[PDB]
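Visitor: Input: one structure, supplied below.
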Protein chains: 2
Amino acid sequence: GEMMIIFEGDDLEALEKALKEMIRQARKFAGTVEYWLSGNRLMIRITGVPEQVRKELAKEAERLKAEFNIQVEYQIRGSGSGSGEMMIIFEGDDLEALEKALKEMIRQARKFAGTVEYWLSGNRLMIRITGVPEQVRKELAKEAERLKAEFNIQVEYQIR
Amino acid sequence: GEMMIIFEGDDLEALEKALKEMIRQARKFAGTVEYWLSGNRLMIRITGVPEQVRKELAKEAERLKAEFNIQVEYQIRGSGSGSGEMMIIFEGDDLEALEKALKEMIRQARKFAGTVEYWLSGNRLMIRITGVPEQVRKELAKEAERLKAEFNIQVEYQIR
Ligand SMILES: CCCC[P+](CCCC)(CCCC)CCCC
């Protein structure tokens with residue numbers, strides 16, 4: 001089970017103060033965190049947490065709300081069984097080769113009933129593939145290595 | 001001048017079709033693009049474009065709206081003079097060292113009146129610094145190298 005939390009406030013010092021406390025509590029309960037600050041909005045994505053601590057982390061969210069005077073919202077995903085996550089990175093000085101490799105890597109993951117999230121910035125293209133089991137994450141890694149030699153691009157992948 | 005465009009639709013094939021056309025037109029007018037697809041929302045960030053083509057790119061957005069039956073919104077930033085962009089990447093197997101380096105890199109950029117955007121995922125920490133001139137982007141690169149040796153982390157930075 002995972003948990004998505006959003007913090008909003010005009011005081012950056014207050015947001016980051018709340019960030020420090022929230023991620024500590026989540027890690028205190030053996031949870032892997034991921035965060036992203038953009039403007040006055042702070043996203044905190046916590047994974048590997050069951051119903052027990054998700055009740056506590058939510059209570060911590062309400063507590064930091066009143067403490068630092070900021071807005072807070074969250075969503076909870078409990079049911080299963082699954083799945084998994086995968087982050088692939090493409091790099092190269094040829095934009096056409098990257099986007100062409102992107103189209104193929106997308107086709108593969110979506111053929112195997114997986115949801116993809118990609119981001120192109122400069123010469124780097126990052127792909128997040130969620131909703132896939134270990135049986136699939138090994139196959140996509142092979143296809144990622146095929147694209148590596150085919151379009152001569154730098155490729156890195158990490159599984160969690 | 002830059003331009004922010006958002007596409008929304010339940011048909012992924014329609015979004016990506018519109019994506020291909022929009023980024024071609026932007027690159028056709030010597031514009032550097034950046035895109036991010038998440039769920040049914042597609043962000044397209046175009047930079048290095050004046051009022052002339054921003055009128056055309058907007059018209060292209062309205063055209064793809066009716067063509068693929070999708071939602072479209074955009075924002076335009078024209079005034080100046082400036083500024084610049086900077087992407088710093090921290091990597092390491094120690095989370096405490098990364099976040100401690102993050103706090104310092106944040107302090108430096110915000111002392112020099114710069115806005116920061118950071119994202120922590122796994123062992124990688126990426127920092128986008130906007131609203132800074134060449135005089136500042138050289139100073140932050142030096143401080144990034146200081147943090148590199150201090151916290152023994154892998155550091156990469158790119159200027160645009
Ligand atoms: C959930 C974290 C989302 C942030 P980004 C992660 C992309 C993964 C494919 C996408 C936003 C780009 C404008 C990268 C943030 C900047 C460092």
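Identifiers for the structure tokens are assigned positionally: chains receive A, B, ... in sequence, residues are indexed from 1 per chain, and ligands are indexed from 1 in the order shown.
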Any chance you could fit chain B onto chain A with least squares, all Cα atoms in order, and share the moved copy as a compact mmCIF listing (two decimals) with C-alpha atoms, in the first residue's frame?
Guide:
# COMPACT_ATOMS: atom_id res chain seq x y z
CA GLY B 1 0.00 0.00 0.00
CA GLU B 2 1.15 3.51 -0.89
CA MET B 3 0.20 7.05 0.10
CA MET B 4 0.13 10.37 -1.76
CA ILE B 5 0.33 13.59 0.28
CA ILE B 6 0.27 17.22 -0.91
CA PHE B 7 1.37 20.27 1.08
CA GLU B 8 0.55 23.83 0.03
CA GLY B 9 1.66 27.10 1.62
CA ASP B 10 3.17 30.48 0.77
CA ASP B 11 5.89 30.04 3.39
CA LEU B 12 8.65 27.85 1.94
CA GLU B 13 10.30 27.55 5.35
CA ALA B 14 7.05 26.13 6.74
CA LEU B 15 6.61 23.62 3.90
CA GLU B 16 10.16 22.27 4.20
CA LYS B 17 9.83 22.11 7.99
CA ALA B 18 6.73 19.96 7.56
CA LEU B 19 8.56 17.97 4.89
CA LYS B 20 11.39 17.07 7.27
CA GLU B 21 8.96 15.81 9.92
CA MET B 22 6.64 13.88 7.58
CA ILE B 23 9.43 11.95 5.87
CA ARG B 24 11.02 11.12 9.23
CA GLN B 25 7.80 9.57 10.53
CA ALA B 26 7.38 7.62 7.29
CA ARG B 27 10.96 6.34 7.41
CA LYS B 28 10.49 5.65 11.12
CA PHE B 29 7.81 3.16 10.09
CA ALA B 30 10.02 1.50 7.45
CA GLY B 31 8.52 3.43 4.53
CA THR B 32 10.29 4.58 1.38
CA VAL B 33 9.56 8.21 0.53
CA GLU B 34 9.67 10.37 -2.59
CA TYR B 35 9.11 14.12 -2.68
CA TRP B 36 8.85 16.98 -5.16
CA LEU B 37 8.68 20.71 -4.42
CA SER B 38 7.35 22.98 -7.17
CA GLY B 39 6.30 26.55 -6.46
CA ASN B 40 4.12 26.55 -3.37
CA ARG B 41 3.10 22.92 -3.81
CA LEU B 42 4.92 20.00 -2.19
CA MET B 43 4.14 16.39 -3.12
CA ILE B 44 5.11 13.54 -0.80
CA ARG B 45 4.76 10.00 -2.14
CA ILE B 46 5.11 7.25 0.48
CA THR B 47 5.22 3.57 -0.49
CA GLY B 48 5.40 0.29 1.42
CA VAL B 49 2.95 1.21 4.18
CA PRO B 50 -0.04 -0.77 5.52
CA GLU B 51 -3.30 0.44 7.10
CA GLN B 52 -1.77 0.73 10.58
CA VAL B 53 0.77 3.48 9.85
CA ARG B 54 -1.31 5.08 7.09
CA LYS B 55 -3.68 6.02 9.90
CA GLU B 56 -0.75 7.51 11.83
CA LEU B 57 0.83 9.30 8.86
CA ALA B 58 -2.54 10.87 8.10
CA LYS B 59 -2.83 12.02 11.70
CA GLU B 60 0.67 13.49 11.38
CA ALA B 61 -0.51 15.33 8.26
CA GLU B 62 -3.40 16.88 10.18
CA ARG B 63 -1.01 17.78 13.01
CA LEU B 64 1.47 19.58 10.75
CA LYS B 65 -1.51 21.32 9.15
CA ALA B 66 -2.41 23.14 12.36
CA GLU B 67 1.21 23.54 13.46
CA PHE B 68 2.58 25.38 10.42
CA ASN B 69 -0.73 26.79 9.15
CA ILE B 70 -0.64 25.10 5.74
CA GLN B 71 -3.08 23.23 3.50
CA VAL B 72 -2.94 19.44 3.34
CA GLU B 73 -4.60 16.71 1.28
CA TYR B 74 -3.88 13.01 0.79
CA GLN B 75 -5.01 9.83 -0.97
CA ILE B 76 -4.74 6.18 0.08
CA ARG B 77 -4.39 3.05 -2.05
CA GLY B 78 -4.69 -0.17 -0.06
CA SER B 79 -5.96 -3.04 -2.23
CA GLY B 80 -3.79 -5.34 -4.33
CA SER B 81 -2.16 -7.52 -4.98
CA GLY B 82 0.65 -5.38 -6.37
CA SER B 83 2.35 -4.01 -8.08
CA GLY B 84 5.81 -2.67 -8.87
CA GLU B 85 7.79 0.32 -10.12
CA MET B 86 10.55 0.87 -12.69
CA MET B 87 12.60 3.91 -13.73
CA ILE B 88 14.36 3.89 -17.10
CA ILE B 89 16.70 6.66 -18.27
CA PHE B 90 17.65 7.46 -21.88
CA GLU B 91 20.44 9.88 -22.79
CA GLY B 92 21.86 11.00 -26.12
CA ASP B 93 22.74 14.00 -28.27
CA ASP B 94 20.23 13.01 -30.95
CA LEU B 95 16.65 14.00 -30.12
CA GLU B 96 15.14 11.94 -32.94
CA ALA B 97 16.82 8.76 -31.69
CA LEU B 98 15.61 9.36 -28.13
CA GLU B 99 11.99 9.97 -29.11
CA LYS B 100 12.09 7.02 -31.50
CA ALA B 101 13.42 4.83 -28.70
CA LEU B 102 10.71 6.33 -26.48
CA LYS B 103 7.98 5.20 -28.88
CA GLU B 104 9.28 1.62 -28.79
CA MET B 105 9.79 1.47 -25.02
CA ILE B 106 6.25 2.81 -24.63
CA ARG B 107 4.78 0.20 -26.98
CA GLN B 108 6.43 -2.64 -25.05
CA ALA B 109 5.29 -1.54 -21.60
CA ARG B 110 1.75 -0.82 -22.77
CA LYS B 111 1.56 -4.17 -24.54
CA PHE B 112 2.31 -5.79 -21.18
CA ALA B 113 -0.54 -3.82 -19.55
CA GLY B 114 1.68 -1.28 -17.81
CA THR B 115 1.21 2.44 -17.22
CA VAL B 116 4.04 4.78 -18.23
CA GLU B 117 5.12 8.29 -17.23
CA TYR B 118 7.85 10.04 -19.20
CA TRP B 119 9.69 13.36 -19.06
CA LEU B 120 11.97 14.87 -21.71
CA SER B 121 14.35 17.61 -20.62
CA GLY B 122 17.38 18.58 -22.70
CA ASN B 123 19.20 15.39 -23.67
CA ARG B 124 17.74 13.24 -20.90
CA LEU B 125 14.56 11.16 -21.12
CA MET B 126 13.22 9.48 -17.99
CA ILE B 127 10.51 6.81 -17.95
CA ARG B 128 8.56 5.60 -14.92
CA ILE B 129 6.72 2.31 -15.39
CA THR B 130 4.23 1.29 -12.70
CA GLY B 131 1.66 -1.49 -12.38
CA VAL B 132 3.95 -4.33 -13.44
CA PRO B 133 5.08 -7.53 -11.66
CA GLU B 134 8.60 -9.02 -11.53
CA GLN B 135 7.75 -11.25 -14.50
CA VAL B 136 7.30 -8.15 -16.66
CA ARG B 137 10.00 -5.88 -15.18
CA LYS B 138 12.65 -8.35 -16.35
CA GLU B 139 11.27 -8.37 -19.90
CA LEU B 140 11.22 -4.57 -20.20
CA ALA B 141 14.81 -4.42 -18.95
CA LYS B 142 15.79 -6.70 -21.83
CA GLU B 143 13.94 -4.51 -24.33
CA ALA B 144 15.62 -1.45 -22.81
CA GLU B 145 18.99 -3.05 -23.54
CA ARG B 146 17.87 -3.80 -27.10
CA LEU B 147 17.07 -0.11 -27.62
CA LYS B 148 20.45 0.71 -26.08
CA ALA B 149 22.39 -1.03 -28.86
CA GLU B 150 19.92 -0.19 -31.62
CA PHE B 151 19.82 3.60 -31.19
CA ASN B 152 23.25 3.82 -29.50
CA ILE B 153 21.93 5.65 -26.43
CA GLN B 154 23.04 5.60 -22.80
CA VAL B 155 20.54 3.52 -20.83
CA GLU B 156 20.06 2.99 -17.10
CA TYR B 157 17.24 1.21 -15.28
CA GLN B 158 16.46 0.68 -11.60
CA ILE B 159 13.93 -1.65 -9.98
CA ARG B 160 12.21 -1.26 -6.62
Visitor: In region 28-138 of chain A, what's strand (DSSP E) per DSSP? Answer as a ChimeraX atom specification?
Guide: /A:32-38,41-47,71-77,85-91,115-121,124-130
Visitor: Quick one: DSSP alpha helix (DSSP H) residues in region 76-158 of chain A, as number ranges by chain?
Guide: A: 95-111, 134-150
Visitor: Using N, CA, C and O atoms, can you export the residues from the last selection as a compact mmCIF listing (two decimals), in the first residue's frame?
Guide:
# COMPACT_ATOMS: atom_id res chain seq x y z
N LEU A 95 18.02 13.96 -30.62
CA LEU A 95 16.65 14.00 -30.12
C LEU A 95 15.74 13.02 -30.85
O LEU A 95 14.84 12.44 -30.24
N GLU A 96 15.97 12.84 -32.14
CA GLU A 96 15.14 11.94 -32.94
C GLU A 96 15.30 10.49 -32.48
O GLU A 96 14.33 9.74 -32.43
N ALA A 97 16.53 10.12 -32.14
CA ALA A 97 16.82 8.76 -31.69
C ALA A 97 16.18 8.48 -30.33
O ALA A 97 15.69 7.38 -30.09
N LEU A 98 16.21 9.48 -29.45
CA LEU A 98 15.61 9.36 -28.13
C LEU A 98 14.11 9.15 -28.22
O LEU A 98 13.56 8.22 -27.63
N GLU A 99 13.44 10.02 -28.98
CA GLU A 99 11.99 9.97 -29.11
C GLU A 99 11.53 8.73 -29.87
O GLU A 99 10.43 8.23 -29.64
N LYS A 100 12.38 8.24 -30.76
CA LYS A 100 12.09 7.02 -31.50
C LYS A 100 12.24 5.81 -30.59
O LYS A 100 11.48 4.85 -30.68
N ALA A 101 13.23 5.87 -29.70
CA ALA A 101 13.42 4.83 -28.70
C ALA A 101 12.29 4.90 -27.67
O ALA A 101 11.87 3.88 -27.14
N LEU A 102 11.82 6.11 -27.41
CA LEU A 102 10.71 6.33 -26.48
C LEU A 102 9.45 5.63 -26.98
O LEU A 102 8.76 4.96 -26.22
N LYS A 103 9.17 5.78 -28.27
CA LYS A 103 7.98 5.20 -28.88
C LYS A 103 7.98 3.68 -28.77
O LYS A 103 6.92 3.06 -28.58
N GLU A 104 9.16 3.07 -28.87
CA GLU A 104 9.28 1.62 -28.79
C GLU A 104 9.16 1.12 -27.35
O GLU A 104 8.47 0.14 -27.08
N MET A 105 9.83 1.82 -26.44
CA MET A 105 9.79 1.47 -25.02
C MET A 105 8.38 1.62 -24.46
O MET A 105 7.96 0.87 -23.58
N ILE A 106 7.65 2.59 -24.99
CA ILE A 106 6.25 2.81 -24.63
C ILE A 106 5.37 1.67 -25.11
O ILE A 106 4.55 1.14 -24.36
N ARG A 107 5.55 1.28 -26.37
CA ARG A 107 4.78 0.20 -26.98
C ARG A 107 4.92 -1.11 -26.21
O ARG A 107 3.94 -1.82 -26.00
N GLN A 108 6.15 -1.41 -25.79
CA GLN A 108 6.43 -2.64 -25.05
C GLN A 108 5.72 -2.68 -23.71
O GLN A 108 5.04 -3.65 -23.37
N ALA A 109 5.87 -1.61 -22.93
CA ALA A 109 5.29 -1.54 -21.60
C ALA A 109 3.77 -1.53 -21.63
O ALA A 109 3.12 -2.09 -20.74
N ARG A 110 3.20 -0.90 -22.65
CA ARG A 110 1.75 -0.82 -22.77
C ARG A 110 1.15 -2.10 -23.34
O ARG A 110 -0.03 -2.38 -23.15
N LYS A 111 1.97 -2.87 -24.05
CA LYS A 111 1.56 -4.17 -24.54
C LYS A 111 1.45 -5.14 -23.37
O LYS A 111 0.61 -6.04 -23.36
N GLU A 134 7.21 -8.65 -11.27
CA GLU A 134 8.60 -9.02 -11.53
C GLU A 134 8.77 -9.76 -12.86
O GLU A 134 9.81 -9.68 -13.49
N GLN A 135 7.72 -10.48 -13.26
CA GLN A 135 7.75 -11.25 -14.50
C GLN A 135 7.85 -10.33 -15.71
O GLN A 135 8.42 -10.70 -16.74
N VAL A 136 7.30 -9.12 -15.57
CA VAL A 136 7.30 -8.15 -16.66
C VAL A 136 8.51 -7.21 -16.59
O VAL A 136 9.09 -6.85 -17.62
N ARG A 137 8.90 -6.84 -15.38
CA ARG A 137 10.00 -5.88 -15.18
C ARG A 137 11.34 -6.42 -15.68
O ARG A 137 12.27 -5.65 -15.93
N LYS A 138 11.44 -7.74 -15.81
CA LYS A 138 12.65 -8.35 -16.35
C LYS A 138 12.63 -8.31 -17.88
O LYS A 138 13.68 -8.19 -18.52
N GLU A 139 11.43 -8.39 -18.45
CA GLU A 139 11.27 -8.37 -19.90
C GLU A 139 11.52 -6.97 -20.47
O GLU A 139 12.14 -6.82 -21.53
N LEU A 140 11.04 -5.95 -19.77
CA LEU A 140 11.22 -4.57 -20.20
C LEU A 140 12.68 -4.15 -20.11
O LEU A 140 13.16 -3.33 -20.90
N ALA A 141 13.40 -4.71 -19.14
CA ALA A 141 14.81 -4.42 -18.95
C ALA A 141 15.62 -4.98 -20.12
O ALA A 141 16.63 -4.40 -20.53
N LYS A 142 15.17 -6.10 -20.66
CA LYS A 142 15.79 -6.70 -21.83
C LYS A 142 15.54 -5.83 -23.06
O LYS A 142 16.45 -5.60 -23.86
N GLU A 143 14.31 -5.36 -23.20
CA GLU A 143 13.94 -4.51 -24.33
C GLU A 143 14.63 -3.15 -24.24
O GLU A 143 14.93 -2.53 -25.26
N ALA A 144 14.90 -2.70 -23.02
CA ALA A 144 15.62 -1.45 -22.81
C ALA A 144 17.07 -1.59 -23.26
O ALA A 144 17.68 -0.63 -23.74
N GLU A 145 17.62 -2.79 -23.12
CA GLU A 145 18.99 -3.05 -23.54
C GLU A 145 19.06 -3.22 -25.05
O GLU A 145 20.09 -2.95 -25.68
N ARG A 146 17.96 -3.68 -25.65
CA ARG A 146 17.87 -3.80 -27.10
C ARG A 146 17.88 -2.41 -27.74
O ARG A 146 18.55 -2.19 -28.75
N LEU A 147 17.13 -1.49 -27.14
CA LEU A 147 17.07 -0.11 -27.62
C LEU A 147 18.41 0.58 -27.42
O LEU A 147 18.78 1.49 -28.16
N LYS A 148 19.14 0.15 -26.39
CA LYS A 148 20.45 0.71 -26.08
C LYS A 148 21.44 0.51 -27.23
O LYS A 148 22.16 1.44 -27.61
N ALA A 149 21.46 -0.70 -27.78
CA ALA A 149 22.39 -1.03 -28.86
C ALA A 149 21.86 -0.58 -30.22
O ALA A 149 22.64 -0.27 -31.12
N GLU A 150 20.54 -0.55 -30.36
CA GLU A 150 19.92 -0.19 -31.62
C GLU A 150 20.06 1.30 -31.95
O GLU A 150 20.43 1.66 -33.06
